[PDB]
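Inside the fold
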Amino acid sequence: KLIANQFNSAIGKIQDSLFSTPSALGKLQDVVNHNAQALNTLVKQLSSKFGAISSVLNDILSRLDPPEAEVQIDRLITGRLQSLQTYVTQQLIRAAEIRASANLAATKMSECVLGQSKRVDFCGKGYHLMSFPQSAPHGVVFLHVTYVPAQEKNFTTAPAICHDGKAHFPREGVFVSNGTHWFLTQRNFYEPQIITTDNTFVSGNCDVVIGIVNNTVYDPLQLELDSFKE
Amino acid sequence: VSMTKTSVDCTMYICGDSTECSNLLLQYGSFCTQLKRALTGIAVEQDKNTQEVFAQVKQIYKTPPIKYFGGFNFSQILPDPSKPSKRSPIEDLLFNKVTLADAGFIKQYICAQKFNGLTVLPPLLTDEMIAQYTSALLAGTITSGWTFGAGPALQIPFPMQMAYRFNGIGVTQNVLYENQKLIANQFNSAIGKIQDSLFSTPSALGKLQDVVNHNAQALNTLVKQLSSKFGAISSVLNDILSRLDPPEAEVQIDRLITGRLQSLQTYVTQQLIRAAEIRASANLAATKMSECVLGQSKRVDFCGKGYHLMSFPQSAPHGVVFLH
Amino acid sequence: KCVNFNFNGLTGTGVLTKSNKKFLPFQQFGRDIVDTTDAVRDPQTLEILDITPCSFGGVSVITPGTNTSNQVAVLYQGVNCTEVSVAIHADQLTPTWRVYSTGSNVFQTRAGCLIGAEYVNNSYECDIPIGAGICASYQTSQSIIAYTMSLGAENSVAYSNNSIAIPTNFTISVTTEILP
Ligand SMILES: *[C@@H]1O[C@H](CO)[C@@H](O[C@@H]2O[C@H](CO)[C@@H](O[C@@H]3O[C@H](CO)[C@@H](O)[C@H](O)[C@@H]3O)[C@H](O)[C@H]2NC(C)=O)[C@H](O)[C@H]1NC(C)=O
Ligand SMILES: *[C@@H]1O[C@H](CO)[C@@H](O[C@@H]2O[C@H](CO)[C@@H](O[C@@H]3O[C@H](CO)[C@@H](O)[C@H](O)[C@@H]3O)[C@H](O)[C@H]2NC(C)=O)[C@H](O)[C@H]1NC(C)=O
Ligand SMILES: *[C@@H]1O[C@H](CO)[C@@H](O[C@@H]2O[C@H](CO)[C@@H](O[C@@H]3O[C@H](CO)[C@@H](O)[C@H](O)[C@@H]3O)[C@H](O)[C@H]2NC(C)=O)[C@H](O)[C@H]1NC(C)=O
Ligand SMILES: *[C@@H]1O[C@H](CO)[C@@H](O[C@@H]2O[C@H](CO)[C@@H](O[C@@H]3O[C@H](CO)[C@@H](O)[C@H](O)[C@@H]3O)[C@H](O)[C@H]2NC(C)=O)[C@H](O)[C@H]1NC(C)=O
Ligand SMILES: *[C@@H]1O[C@H](CO)[C@@H](O[C@@H]2O[C@H](CO)[C@@H](O)[C@H](O)[C@H]2NC(C)=O)[C@H](O)[C@H]1NC(C)=O
Ligand SMILES: *[C@@H]1O[C@H](CO)[C@@H](O)[C@H](O)[C@H]1NC(C)=O
Ligand SMILES: *[C@@H]1O[C@H](CO)[C@@H](O)[C@H](O)[C@H]1NC(C)=O
Ligand SMILES: *[C@@H]1O[C@H](CO)[C@@H](O)[C@H](O)[C@H]1NC(C)=O
Ligand SMILES: *[C@@H]1O[C@H](CO)[C@@H](O)[C@H](O)[C@H]1NC(C)=O
């Protein structure tokens, strides 16, 4: 119930964050603005003279004899052709940038939406749980749902527990102490458990391991047998 | 990670201290404005790239005053407090090895340093700030493993961090604990070997020297182009105005304007292409920083040959060096 | 001084200084690696003079935004504030507009000379970037200030040989990534 409530709260906050902030979608608005600016610049270049007496071809043809009119027109042709060639080159560079972004978006969709990525900070901040796509003009928006640890407490730890001269290591977890008793807990969420022969494995004697501490590992089978046989 | 930032004033380059040439240049429209926007966009992109690669940590982490990490010696990785700028020995070596640029920043001040209207801009982050980000990343990794990357930093003894990294690759914890001294000795030896390899190999940093050399070549070529006539009687505008009456000066000046404008468009085009290549490299560096410094990557050969355990970033001029 | 010179038939604008170049009796003029004239022999007295171009650079305007305040700061990129101050007193700068340039509002940055902003020692997160670690912002009577930007808050880790921090709770977070 807590997780469902936190998820719903986070989604509502996302909607409010996008609505409230005018710059939230700047990445896509910049693409739109650059394409509009490129076309407006390309059109405005037609007004320039490029050294000609006039930017209007009909004025050149009406004012000069064919020879000079052809020279002035060729000059305007050079100017307009250079402007278009520049436009196309800039569009090729922008298209390459967009291609790289689109390839990243497709990778993000495959790794984050169609699976649970292990990659750090690839699918948002925190430990990745899941993601959801949303469409947008000229692009895609990903909502990355992650697990973020909170409210940590520090405990005393040890690499191993020594019982009858044997070194016990966690199978899946870390040994922690609250100051009086040693427990095994999972690393990403405090949940103390009794240290038993099912939770740990044994390798070697209690000498080589640096920082090994003395404690009792509770074997369940022996405890039952001492009741069974009496 | 980043490229030298430049800003070129179109009018001074093409028509320096020439009113008549500037008036003629005005007849070509927005071209000067488009080049100014292109170079500004490149400069902003280079600062974005540096921030994305290095400014990945919200807080500045510090190591404890007692630098005992289970026998693992990080003295060659962590900041050396006795030197100005607080760089680590390896970062200091990298700085001494590849800083062959003509300063690379304004510094409140080619023999002429391309003062033909070409201005090099300083990075937004100083070398000290980049070193500080690297130090924060190192302190976080050393003292908290990957918990630092995902959320708040959680302290863990270093040999237990190694034990969990061993479980990550697929080796049990007892292998590390039984061989902890051997592992620490091999780590310290490898770090010493890296310092010796970088010191003794001039070509080790070739990627960054090549980036610097390409930007120096582009600026040298752009300045060199001013000496060409492009069909004009003289490459110097003052000689054209002092020698010819306006009606002929306009022709000779127009020829020079065409040549210089073509030179600037060629320069800007190559800088845009190089900017795209550098942005791709910076994106890869940021990805590696997230995947391998803030976590333990499982991608084969992504961060070194062998089974990945961890990585440590080091700052370098215009780039990042990872020790995997 | 920055002057317009004409030595025989070579004209230009620049600063003439006493040279330290070992000209032979043969050479009359000097050029650098990019074929720009940088030294001349004075037709009279045969003094060798070096030519330094007159200082120039870009101009940046730092604006809090006109919906907040109309005060702006001006960065003179590429030059030492001593030369800008001298040019102001001599009325030599190409732009004809001026900034108040009162005491304490002229600050030397690596990027250039910043006029119209008060530098403070307290560090803040970067707002309007200037360069080389220096950013500007509009803060309190509000005025434009300059500062060395903060990178983040400090957080020492309580590292020890046998201390581990274990989360006891968690947050489910949703973040937004926007890609073209
Ligand atoms: C460290 O953790 C252990 C176990 O979680 C703590 O010991 C436990 O403390 C609780 C305190 O409420 C004990 O509960 C009490 O047990 C007695 C009978 O033993 C009962 O009469 C009381 O009404 C209450 O239920 C619990 O038994 C005890 N368990 C053991 C094995 O000692 C310990 O106090 C913790 N220490 C610190 C410093 O946090
Ligand atoms: C961590 O590693 C560094 C080196 O990577 C250790 O510092 C090094 O300590 C040795 C100790 O002998 C220094 O040796 C010196 O050699 C010169 C002759 O070459 C001699 O004149 C000196 O009296 C000294 O014997 C070595 O220079 C020094 N290196 C550096 C860069 O400081 C450091 O002690 C190691 N930390 C631990 C805790 O072991
Ligand atoms: C696994 O490989 C490591 C090396 O990668 C072995 O450790 C190495 O063991 C040799 C001895 O077999 C050591 O050589 C000795 O070094 C001492 C140094 O004082 C020297 O006095 C001796 O004469 C001899 O040269 C070597 O230093 C040591 N290397 C390290 C880094 O500790 C290890 O024994 C191998 N284990 C197995 C089970 O094969
Ligand atoms: C772990 O953290 C979560 C929060 O992220 C804790 O749940 C939160 O507990 C507080 C009470 O300590 C709740 O505040 C209360 O909300 C009710 C709503 O009607 C209000 O009437 C109360 O006056 C008070 O404000 C909070 O709502 C609740 N959050 C959620 C999402 O349920 C949780 O208890 C923590 N668990 C541990 C073991 O620390
Ligand atoms: C764990 O218990 C063992 C005993 O089972 C301790 O070993 C003894 O250590 C003392 C010194 O501390 C020696 O004088 C004894 O001779 C040792 N006896 C044996 C049988 O080894 C061991 O020191 C304990 N460890 C800790 C950390 O308390
Ligand atoms: C960690 O250790 C003890 C509590 O066990 C305390 O002195 C210290 O302040 C704790 N620090 C943090 C950050 O929990
Ligand atoms: C800037 O001018 C001051 C004026 O005294 C001088 O001391 C300083 O060295 C100059 N810096 C540079 C880089 O020219
Ligand atoms: C003549 O030439 C010499 C050397 O060039 C110079 O010192 C002297 O002043 C000149 N006399 C004039 C210009 O009357
Ligand atoms: C960790 O153990 C070493 C053993 O030499 C000791 O010097 C160091 O002080 C210990 N760390 C702490 C925080 O006590």
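Residues numbered from 1 in each chain as written, not as in the entry; some residues may be left out. Chains lettered and ligands numbered in written order. Part of a larger assembly, values for the part shown. Heavy atoms only, no water.

Header annotation of the entry names cryo-EM as the structure determination method and lists the resolution as 2.93 Å.

1. As for the packing of aromatic side chains
A full pass over the atoms with the stated rule returns 22 aromatic pairs over all chains. Ring pairs connect the aromatic residues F69, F72, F74, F158, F187 and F312 of chain B together with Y159 of chain C, which therefore count as one cluster. The residue whose ring lies beneath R119 of chain A is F122 of chain A, and the NZ or CZ to ring-centre distance is 3.6 Å. Taking NZ or CZ as reference, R187 of chain A lies 4.4 Å from the ring centre of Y164 of chain B, over its face. (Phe/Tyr/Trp six-rings, centres within 6.5 Å; stacked < 30°, edge-to-face > 60°. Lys NZ or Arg CZ within 6 Å of the ring centre and 35° of its normal.)

2. Remarks on the interface of chain A and chain C
Listed per partner, the contact involves 50 residues of chain A and 19 residues of chain C. Together, the buried faces of chain A and chain C total about 3,200 Å²; carbon and sulfur atoms form 62% of this surface. In this assembly, chain A and chain C are joined by 1 salt bridge. The partner of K108 of chain A in a salt bridge is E177 of chain C, with the nearest N and O atoms 2.9 Å apart. Connecting chain A to chain C are 15 residue pairs in polar contact. Among the secondary structure elements, those contributing two or more residues to the side of chain A that touches chain C are α1 (2–20), α2 (26–44), α4 (66–113), β2 (139–158) and β5 (174–177) of chain A. A total of 19 residues in the side of chain A that touches chain C trace back to one element, the largest contributor, which is β2 of chain A. Tallied by class, residues from the side of chain A that touches chain C come to 30 nonpolar, 14 polar and 6 charged. (Contact = heavy atoms within 4.5 Å. Buried area = accessible area lost by both parts, 1.4 Å probe. Salt bridge = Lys/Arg side-chain N within 4 Å of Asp/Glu carboxyl O. Polar contact = N/O pair within 3.5 Å; in protein donor to acceptor, adjacent residues only side chain to side chain. Helix = DSSP H or I, 4+ residues; strand = E, 2+ residues; numbered from the N terminus. Nonpolar A, V, L, I, M, F, W, Y, C, P; charged D, E, K, R; others polar.)

3. Focus: the sheet that holds strand β4 (residues 166–170) of chain A
Ordered by their spatial adjacency, 4 strands build an open sheet running β7-β4-β3-β8 (chain A), and the pairing between neighbours is mixed. Pairing within the sheet leaves two strands with one partner each, and these edge strands are β7 (200–205) and β8 (213–214) of chain A. (Pairing = 2+ DSSP bridges.)

4. Observations concerning the site of ligand 4
With respect to spatial proximity, the complete set of residues near ligand 4 consists of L2, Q6 and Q151 of chain A together with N169 of chain C. Bordering ligand 4 are residues originating from chains A and C. Within the side chain of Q151 of chain A, a nitrogen or oxygen atom sits 3.4 Å from an oxygen atom of ligand 4. In this structure, an oxygen atom belonging to ligand 4 sits 2.4 Å away from a side-chain N or O atom of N169 of chain C. Contact with the protein chains hides 24% of the accessible area of ligand 4, taken as 770 Å² for the molecule alone. Broken down by class, the residue content of the shell around ligand 4 amounts to 1 nonpolar, 3 polar and no charged. (Near = heavy atom within 4 Å. Areas by Shrake-Rupley, 256 points an atom, 1.4 Å probe, with all protein chains shown as cover.)

5. Considerations on the interface of chain B and chain A
Contacts between chain B and chain A engage 39 residues on the former and 39 residues on the latter. At the boundary of chain B with chain A, total buried surface from both sides reaches about 3,300 Å², with 55% on carbon and sulfur atoms. Together, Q27, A150 and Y177 of chain B form the three largest contributors to the area buried by chain B at its contact with chain A, with a combined 16%. Summed over the shared surface of chain B and chain A, the result is 3 salt bridges. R279 of chain B is paired through a salt bridge with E97 of chain A; the nearest N and O atoms lie 4.0 Å apart. If one sorts the elements of the side of chain B that touches chain A by residue count, helix α12 (residues 246–293) of chain B sits on top with 9 residues. Residue classes in the side of chain B that touches chain A are distributed as 14 nonpolar, 17 polar and 8 charged.

6. Quick word on the environment of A285 of chain B
Residues and elements named next belong to chain B. Topologically, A285 is positioned in helix α12. Each C-alpha atom of the pair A285 and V321 lies 9.1 Å from the other, and the pair is 36 residues apart in sequence. Excluding residues within four positions of it along the chain, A285 makes contact with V1, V53, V320 and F322.

7. Some thoughts on the nonpolar core
In this structure, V176 of chain A together with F72, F74, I77, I142, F158 and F312 of chain B are the most contacted members of the largest nonpolar core, which totals 47 residues. The leading source of residues in this core is helix α7 (residues 158–169) of chain B, at 6 residues. Among all residues touching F72 of chain B, those that are not within four sequence positions of it are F158, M162, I183, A184, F187 and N188 of chain B. Membership of the second largest hydrophobic core comes to 41 residues, among which are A52 of chain A together with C10, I42 and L222 of chain B. (Core = buried A, V, L, I, M, F, W, Y, C linked by side-chain atoms within 4.5 Å. Buried < 20%, exposed > 50% of the residue type's maximum accessible area, 1.4 Å probe, protein only.)

8. Points about a nonpolar patch on the surface
On the surface, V59, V61, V72 and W97 of chain C cluster together into a nonpolar patch covering about 330 Å² of accessible area. Inspection of the secondary structure assignment puts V61 of chain C in strand β6 (residues 59–62). (Patch = residues over 30% accessible without salt bridge, like charges linked within 9 Å, V, L, I, M, F, W, Y side chains within 5 Å.)

9. A look at the pattern of salt bridges
This structure, assessed with the given rule, holds 13 salt bridges over all chains. Between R119 of chain A and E291 of chain B there is a salt bridge, with its nearest N and O atoms 2.6 Å apart. In this pair, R119 of chain A sits in the loop between α4 and β1 (127–136) while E291 of chain B sits in helix α12, so the two residues belong to two different chains. Assessed through its relative accessible area of 16%, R119 of chain A is described here as buried. Taking the shortest distance from any N to any O, the salt bridge between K83 of chain B and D92 of chain B comes out at 3.5 Å. No difference in accessibility class separates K83 of chain B from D92 of chain B, as the two residues are buried. Several salt bridges share partner residues, and in doing so they unite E111 and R119 of chain A together with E291 and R299 of chain B into one network.

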